[PDB]
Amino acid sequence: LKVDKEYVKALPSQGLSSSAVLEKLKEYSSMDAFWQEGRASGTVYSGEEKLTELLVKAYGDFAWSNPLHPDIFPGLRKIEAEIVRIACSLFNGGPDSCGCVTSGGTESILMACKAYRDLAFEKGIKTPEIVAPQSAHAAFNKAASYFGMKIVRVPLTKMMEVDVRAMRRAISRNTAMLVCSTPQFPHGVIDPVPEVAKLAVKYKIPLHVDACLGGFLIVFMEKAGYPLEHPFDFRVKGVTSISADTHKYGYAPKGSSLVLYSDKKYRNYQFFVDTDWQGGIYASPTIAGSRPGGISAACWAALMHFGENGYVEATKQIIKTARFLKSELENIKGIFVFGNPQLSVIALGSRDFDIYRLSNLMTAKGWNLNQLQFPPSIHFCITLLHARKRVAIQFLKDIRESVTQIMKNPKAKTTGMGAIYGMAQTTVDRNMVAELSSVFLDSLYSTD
C-alpha cells in the first residue's frame, strides 16, 4: 500500500536485459520479508532453501508443459496421474477411487459442488442445495453463487463441531450434498465425519469432506503417534469426495490441490464436454483450459522428496509444537481457546476484553494472525517453518506480555483494523461491509 517506488504504468519502449529485469525484481522481493522469520500464520508451509531450489528446478524442467496437450507432454500426463493415485492411496480410496489435480482448494471445492449439482439436476432437482456447517470454507458460498445452488449453513456446538441434529433438520428433497471439514479453518476443529456420513447414507446424499487444510497432516497423524478421535477418509461409508491441498502441508508450490472421489461415476459429472465446437471436440477435466504443468512437476517432486518418512516427521514436529502451544495458551488468564484443536490451528477468544486488541498488539510486535468473526476470535496456523525456526517460545512470551498490557486497560476502546473487524460484526447493513470489501479489492489493483 505505502510503496517506496514509482509504478510501472506502461510497457518500456526498450525491453530490459535479463540481468536488469532480475535486478529490478529485487526491489519488489525485498518488500516481501514478513514470513522468513516465522512470524506469519500459515501462508508459507516450509519455505526451506534446499526444498525451494528443488521445486523451482523441477518446475523449470517442465516450464512449458501444458496438460491440455497430453499428446505433446505425455510425461506431464503421467505425473498428474501419479499425483492423483498417490493421494487416493493416502486416503485409502482403493481401485475404484479417482480424482484430478486442481489449482487450489477453492477449485477442488467448486469442482465437487458442480459435480453434485449436475447429478441433482439429472434427478429432477431444480435448485440444488448445499448443506454445510457455519464453519465450512467461503469457497462453498462461492460455489453457491457461481453454480446457482442454495447453501444452508447449520449452527455449531459449544465445541465448534457441526450440530448434527440441526444438519438433519436442514436436509430436504433438494439437498444435493453434505459437507464437513477436517478440520474447519476458523478454529481448527475436525467435524464428526462418521455422524455426518450416517445422515449421508440414510438420506442418500453425497458427502464432501473438506481436507484442504488438514489433508497432508491427518493422513499421517496415526503414524506420527497422534491418533485422531474420528476417521475421515474413503473407508467411511458415504464419503463420496475429498478435497486436499498439496500446496498446504504437502509443501508443494502454490497452485496445486486435489479433488478425489470414491467412484468415477461421480467425477464424470465434474467434466465439461463440447462435442460440437468448430475448434474441435472440446473436453476439459477441470475449470481451466491451459494449465501450468511446471507446478504439477514440482508437486510430484515435493511428494517424492518427502515420502512417508518425511511427512510423518514433518507432522510429528508441527503437532508437538501445536500441543505445547495449546496447553500453555490454556493457562493464561484473560483468554480461552475455542474447542479442543488437535491439529495445526488454534483459535483464541476473551470474555474479558476485545480479542482484536490482541491481534492489533501482536501485529505491532511483528506477528500476523488471522482475524475471525461470528464469534469474535483470532487464530494462528502452525507450519513446518514455525517448527523449524522454533518461534513457539517467542510467540508465547509476546502473547503473555500483550495480554497483561491489554488487561491493565480492559475497557480501553479498540483501534485500527481490530475496530473494523469488531464493528463489521455488529453492522446490521451487510451491504456496508460488502461495499467496504469492494473498495479493498479495487485498492489491490491501484497504481496511483
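One rule holds for the numbers: they count along the sequence shown, beginning at 1.
According to the PDB record, 349 to 357 carries the higher mean C-alpha B-factor of the two stretches 349 to 357 and 374 to 382. A summary of the deposited B-factors shows that, of 317 to 325 and 123 to 131, the stretch with the larger mean C-alpha value is 123 to 131. Ranking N66, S41, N409, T52 by the C-alpha B-factor listed in the PDB entry places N409 at the top. The entry assigns its greatest Cα B factor, within the set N368, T246, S284, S296, to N368. For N340, the recorded CA B-factor ranks within the highest third of the chain. Only modelled residues enter the ranking.
When the CA B factors of the chain's modelled residues are split into thirds, the value for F395 lands in the middle one. Sorting the modelled residues of the chain by their CA temperature factor places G47 in the middle third. In the deposited entry, the Cα temperature factor of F185 sits in the bottom third of values across the chain's modelled residues. When all modelled residues of the chain are sorted by CA temperature factor, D96 is found within the highest third.
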